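Residue-level structure breakdown
Below, each chain spelled out in residue letters.
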Amino acid sequence: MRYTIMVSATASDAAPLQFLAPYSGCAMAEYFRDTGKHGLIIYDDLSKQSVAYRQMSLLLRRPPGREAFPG
Amino acid sequence: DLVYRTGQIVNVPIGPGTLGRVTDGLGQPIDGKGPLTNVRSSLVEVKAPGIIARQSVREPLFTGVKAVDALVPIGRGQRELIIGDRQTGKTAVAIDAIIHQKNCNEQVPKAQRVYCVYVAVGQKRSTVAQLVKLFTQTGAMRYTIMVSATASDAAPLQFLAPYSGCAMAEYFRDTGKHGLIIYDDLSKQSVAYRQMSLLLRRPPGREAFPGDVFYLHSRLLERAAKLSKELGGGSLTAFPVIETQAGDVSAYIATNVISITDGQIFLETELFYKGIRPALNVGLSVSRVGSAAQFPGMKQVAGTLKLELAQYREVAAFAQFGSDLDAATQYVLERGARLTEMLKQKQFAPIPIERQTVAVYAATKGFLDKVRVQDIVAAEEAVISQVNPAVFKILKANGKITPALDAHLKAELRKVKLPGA
Amino acid sequence: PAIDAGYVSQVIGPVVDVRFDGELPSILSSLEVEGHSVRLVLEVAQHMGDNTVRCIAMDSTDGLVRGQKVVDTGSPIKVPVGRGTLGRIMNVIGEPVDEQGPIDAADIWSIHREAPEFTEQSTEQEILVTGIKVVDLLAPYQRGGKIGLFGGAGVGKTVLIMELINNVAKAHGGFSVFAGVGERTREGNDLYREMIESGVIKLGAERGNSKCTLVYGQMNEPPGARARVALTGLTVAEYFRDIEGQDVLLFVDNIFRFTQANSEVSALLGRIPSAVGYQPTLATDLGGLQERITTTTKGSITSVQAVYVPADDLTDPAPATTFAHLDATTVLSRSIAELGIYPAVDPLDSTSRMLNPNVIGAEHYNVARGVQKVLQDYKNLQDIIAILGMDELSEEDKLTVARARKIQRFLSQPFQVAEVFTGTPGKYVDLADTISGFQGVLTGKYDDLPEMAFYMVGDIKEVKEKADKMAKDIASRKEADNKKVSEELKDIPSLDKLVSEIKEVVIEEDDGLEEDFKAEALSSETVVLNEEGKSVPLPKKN
Amino acid sequence: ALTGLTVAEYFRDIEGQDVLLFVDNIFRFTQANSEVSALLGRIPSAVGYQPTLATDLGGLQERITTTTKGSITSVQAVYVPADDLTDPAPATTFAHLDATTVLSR
Amino acid sequence: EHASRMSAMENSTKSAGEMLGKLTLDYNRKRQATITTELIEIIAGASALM
Ligand SMILES: Nc1ncnc2c1ncn2[C@@H]1O[C@H](COP(=O)(O)OP(=O)(O)OP(=O)(O)O)[C@@H](O)[C@H]1O
Ligand SMILES: Nc1ncnc2c1ncn2[C@@H]1O[C@H](COP(=O)(O)OP(=O)(O)O)[C@@H](O)[C@H]1O
Ligand SMILES: [Mg+2]
Ligand SMILES: [Mg+2]
């Protein structure tokens, strides 16, 4: 945990906090890339982030496509 | 055009003015015997009775066919689904129950009588007219009530008609009587709800049914139950019928209603088209309410039948075909080939509970093993005719076979006119 | 009082709209309608413009007119909760149905709270014995773990969760809260019988000593209740978690109907549907239900969920997002139950978090990974054995194939609540009974015992005695002969005097259904209403 | 198909003769309903058929019955779509056919 | 050797014949579930734009 950051969007939170959590997860790790170090990132359950994307659009009157995922 | 609200929630006429009449799914009878006279009109959309207004299932409900009363027991207030493919005996078993309920109504008192309700969904008007003609000539017309929404009528009539039949049988549930309702071909009632919901542009789910097709079959089937004795102690036994498609249980309607009813009655087409009619597949078909609430004594003698028909199907169909033969289990197979053809029956002739127990006695204890398998179905009808009619009068009376009776019964079963042998 | 007193704008089935004049209430707050035959409650969820909100009706909507006065509590839906509820049956609003008067409400908590955070979370893994050999070996239940029992409409997710209660809910120190969500109404009643006669529901003056609180939203209700009953019985857990501090037992039955009750109303809310027909919000709503079922650091919840897969198709999204919401997956399959092997737990997918060699130790991990090895050997060789027979492989794996049929029969186990419809009584098996019993079958310590000797047995004591019974029965084929002579004078009157010793029921004709009957006046033309509303016949124009 | 029924319904119900009838290619009549009822903006059913399948296919069948005045029998040529007897078009078709005569090469 | 195989390949033709029997029905019940799940994307694709 000394050398570990963890952004943790639960399933009991709203959709866009899960939608942004890999996006904010790489916002931390671009700093480790920008200042010469090496960075590890794990975007765990990235399909479930895409379901967190599918929730927002289908309430947002946006057209669906394959498996009702957006364009 | 001018619409007119009535001021009453959607209704259907209920009562003894409907006994012996074929009604539409709303209330206008089409038998030609004029409008209803001794009737009252209640709601067709009633909340199903709560838990504390209910009790357990205790009194058995017989059915009259050897295949069903032996291995898949049914109690009053228990809803047992019939399931199978087209032209495989689902409707035949259901009207054999209705004929069987007629004659048993001529041997029970008034407070234990039964009243039949046979709805009809999506069948041809040609064949359902042959059903009410057959119900007249068997005398079950006196205690049947018919709802026939055929394939011609519009989609909310085929959507409402099983609700109307349950409201017509709601009466006997309320005022202390006992009911038997047959939901016929409830898979076609699902497409009726599919029609009335898709044309309202409601977005459909798996296999294009709408989302609430479970709650439709729920509220239809949860209204048939067994009540406590505080509200007259009445009961209602349902028989939904679901048409499956070529050995599929994972159709969306078929797996829906099975998770509602108390058990299924599988009718496998493999057992049918070799001639075994009815084709009750005894190993897939359970009923987990009537096991305690069966006719006792039958449970003492068909428990051996259930354990052998547990093991008879296991060695079937490859005793000589598949791998090889061992001849150590020819004892179960050449006894089980008797017991499968023992469950056969010719059509439109129910066998009561007192005449099935001696029938299931005769093939179990070893009395009919010497007659070869090509003529046992004449042996069993001979056993009904050969043994003197005292024993049928005793076993229905006491309700349980005592040791003072079977020793008399074991002596009688040997001196029968065997076929062949 | 025309401020904050609205009327019904529009009714679409179980979904209604209330237009408000004074001020629209906050989301997930209740409404109370006036003038209905039932005390019907609404719950606001979307403020749909026009000073009008979006509701889902918790009861029957037949009879709503577009002018009826609708008042709010100014609060979310509160349920009477507390120790006095132990032995009561509540529906979604918590009015009693068990006819024992009202409920002595210790407190009235709202059904809509925030889920507990990371700071309140506990990582203390321990084991839960059940009396099942398939559970306590292949995926042992955590003492503070969420439990899933995926069943395919008739494979025994009602019996196994009723067998589990009849084993551990009596011996566990804390209460139970049973939340029947969309189960058949009769099977709630047999749970009401079984808990009285086993001393878990005590009526009269002894209510506070009982060990079970019932919550029932069975499938008779329109889908407001089934959308919210699994939340209400969870709030019976919240008062027993944060306040009481005890270890509650939450056996939520058929939690799929929660996901389907939202699926009934979200087709009416104008929402563009998701994949195969569910709402878009099943990701958060199943999250908003599952993640209150968490063991806090001030008390746990030892809960079992039951997720009904729709059509024996586990790639459906309603169990697919439910795998991750569960510690111990226990999948019940359909095809295995066709052989009669009860319970038909899929051994090769039922995975727990407790299956880990550093918590239960490598004595148990080596046992389960051997069983899951040879079944995966066996399931790899199902394709050859069906089309070419067994007689083609070497003797290095045809030993393992018969070894598979041994351990497939041994997973069968009778259940102590299934004794009503099976005859045999169930067996209560300890943890050390199984792992000792399962070690030797892996090595082949009982290979000379036949494959039917493992069927429906409890312990490793019962594996040889039934194998002795099968052998003993063969010599009972020609052991002795029975004959019963000199009995016809002992206790039997006759056969003909058997006829005269029966009391005859006097069957009465003229059943006469006119008793307790009303038979109102029903004429030819239907009654209509004119413009003033008087019951006149329909005027003769078509 | 309704025209062939009503020139049969004149001979069934006035002359009193037992008329024959051939509603040829009943898969095509089902599919002719599948294109006319998808054209009117109705929401599609299962596999691509109309949602008014059972009601409007039955509306042809339910006027071919017998009566006291006469009887009309139909010989509906059926093409099984994609050689599947669980397709929804023969599924409701074989809920009215009383005799099923196969013709083999 | 050639005789028992002549009856072992007979039953193997039946057994690998009945596994073709269920599997075409496993082809059909997935195909009609495929087109319908492919169809309702279009209705969900069309109703949002009307
Ligand atoms: N015990 C029996 N003896 C002889 N024939 C039988 C028996 N039981 C069923 N059959 C035959 O099987 C058919 C059963 O008809 P039934 O209406 O039950 O089939 P179905 O699957 O319900 O068809 P549908 O759903 O179209 O009514 C009858 O035509 C009858 O000829
Ligand atoms: N331990 C068992 N022994 C024998 N049969 C069982 C056992 N457990 C389940 N079953 C069978 O599985 C069926 C499951 O029915 P039920 O549990 O009510 O439906 P679901 O599985 O959808 O909850 C029962 O009919 C019963 O016959
Ligand atoms: Mg039928
Ligand atoms: Mg279930």
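Method of determination for the deposited model, per the PDB record: cryo-EM, at 4.3 Å resolution.

Examining the interface of chain A and chain C
On the chain C side, the residues contacting the 15 residues of chain A number 17 residues. Interface area, chain A with chain C, both sides summed: about 1,200 Å², of which 62% is carbon and sulfur. Linking chain A to chain C there are zero salt bridges. One can count one residue pair in polar contact joining chain A with chain C. Looking at the side of chain A that touches chain C residue by residue, the class counts come to six nonpolar, three polar and six charged.

Focus on the pattern of salt bridges
Using the criterion set out here, one finds 44 salt bridges over all chains in the structure. Among the ionic contacts, a cluster of salt bridges with common partners joins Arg79, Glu222 and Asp262 of chain B together with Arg186 and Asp190 of chain C.

Details of the site of ligand 1
Residues and elements named next belong to chain B. Neighbouring ligand 1 are 14 residues; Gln87, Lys90, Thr91, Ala92 and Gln345 lie closest to it. The backbone of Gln87 places a nitrogen or oxygen atom 2.6 Å from an oxygen atom of ligand 1. Taking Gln345, its main chain carries an N or O atom lying 2.8 Å from a nitrogen atom of ligand 1. For ligand 1, whose free accessible area comes to 630 Å², the fraction covered by protein is 70%. Top element by residues in the shell around ligand 1 is helix α2 (residues 90-104). It accounts for three residues. Residue composition of the shell around ligand 1, by class: two nonpolar, six polar and six charged. When residues of the shell around ligand 1 are assigned to domains, at least three fall in each of domain 1 (9-294) and domain 2 (295-421).

Here we look at the UniProt feature "binding site: Mg(2+) 2" (unreviewed entry) in chain C
Residue and element names in this part refer to chain C. If you check UniProt for "binding site: Mg(2+) 2" (unreviewed entry), the listed places come out as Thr158 and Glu187 in our numbering. Sequence-wise these annotated residues cover 30 residues; spatially they are packed, their C-alpha atoms never more than 8.8 Å apart. For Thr158, the location among the structural elements is in the loop between β12 (147-150) and α2 (159-171). Residues in contact with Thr158, not counting those within four places in the same chain, are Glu183, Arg184 and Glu187. By secondary structure assignment, the location of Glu187 is in helix α3 (residues 185-197).

Here's the deal with the site of ligand 2
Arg288 of chain B together with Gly154, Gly156, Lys157 and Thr158 of chain C are the nearest of the 14 residues found near ligand 2. In this structure, ligand 2 sits where chains B and C come together, each supplying nearby residues. The contact in question runs from an oxygen atom of ligand 2 to an N or O atom on the side chain of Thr158 of chain C, over 2.2 Å. In this structure, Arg184 of chain C approaches ligand 2 through a side-chain N or O atom, which is 3.2 Å from an oxygen atom. A total of 560 Å² of accessible area belongs to ligand 2 in isolation, and the protein chains cover 89% of it.

Here's the deal with the pairing of strand β5 (residues 52-56) of chain C
All names here are of chain C. Within β5, five of the five residues are buried, which leaves it mostly tucked inside the rest of the structure. Residues of β5 alternate between two faces, with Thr52, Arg54 and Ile56 on one and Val53 and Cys55 on the opposite face, all of them buried. Two elements, strand β2 (residues 15-19) and β5, share five bridges in a ladder whose sense is antiparallel. From the neighbouring strand, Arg19 faces β5, where its bridge partner is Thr52. Here three bridges tie strand β4 (residues 41-47) to β5, and the two strands are oriented antiparallel to one another. If you follow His47 over to β5, its bridge partner there is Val53. As consecutive antiparallel partners, β4 and β5 are separated by four residues, and within that stretch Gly49 has a phi angle of approximately 75°, a positive value.

Concerning the domain arrangement of chain C
Here the domain parsing of chain C yields domain 1 (4-76), domain 2 (77-354) and domain 3 (355-476). Computed over C-alpha atoms, the centres of domain 1 of chain C and domain 3 of chain C are 58 Å apart.

Considering the interface of chain B and chain C
On the chain C side, the residues contacting the 72 residues of chain B number 73 residues. Taken together, the links from chain B to chain C amount to six salt bridges. Between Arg113 of chain B and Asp511 of chain C there is a salt bridge, and its shortest N-O distance comes to 3.1 Å. The interface formed by chain B and chain C contains 25 residue pairs in polar contact. Listed by contribution, the elements that provide at least two residues to the side of chain B that touches chain C are β3 (40-43), α5 (170-174), α7 (213-221), α8 (254-258), α14 (390-398) and α15 (403-414) of chain B. Of the residues in the side of chain B that touches chain C, the class split is 34 nonpolar, 20 polar and 18 charged.

Each value, and the rule that gives it
- Residues numbered from 1 in each chain as written, not as in the entry; some residues may be left out.
- Chains lettered and ligands numbered in written order.
- Part of a larger assembly, values for the part shown.
- Heavy atoms only, no water.
- Contact = heavy atoms within 4.5 Å.
- Buried area = accessible area lost by both parts, 1.4 Å probe.
- Salt bridge = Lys/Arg side-chain N within 4 Å of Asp/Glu carboxyl O.
- Polar contact = N/O pair within 3.5 Å; in protein donor to acceptor, adjacent residues only side chain to side chain.
- Nonpolar A, V, L, I, M, F, W, Y, C, P; charged D, E, K, R; others polar.
- Near = heavy atom within 4 Å.
- Areas by Shrake-Rupley, 256 points an atom, 1.4 Å probe, with all protein chains shown as cover.
- Helix = DSSP H or I, 4+ residues; strand = E, 2+ residues; numbered from the N terminus.
- Domains from an automatic or database assignment.
- UniProt positions renumbered as here; feature names shortened; annotations may be inferred.
- Buried < 20%, exposed > 50% of the residue type's maximum accessible area, 1.4 Å probe, protein only.
- Pairing = 2+ DSSP bridges.

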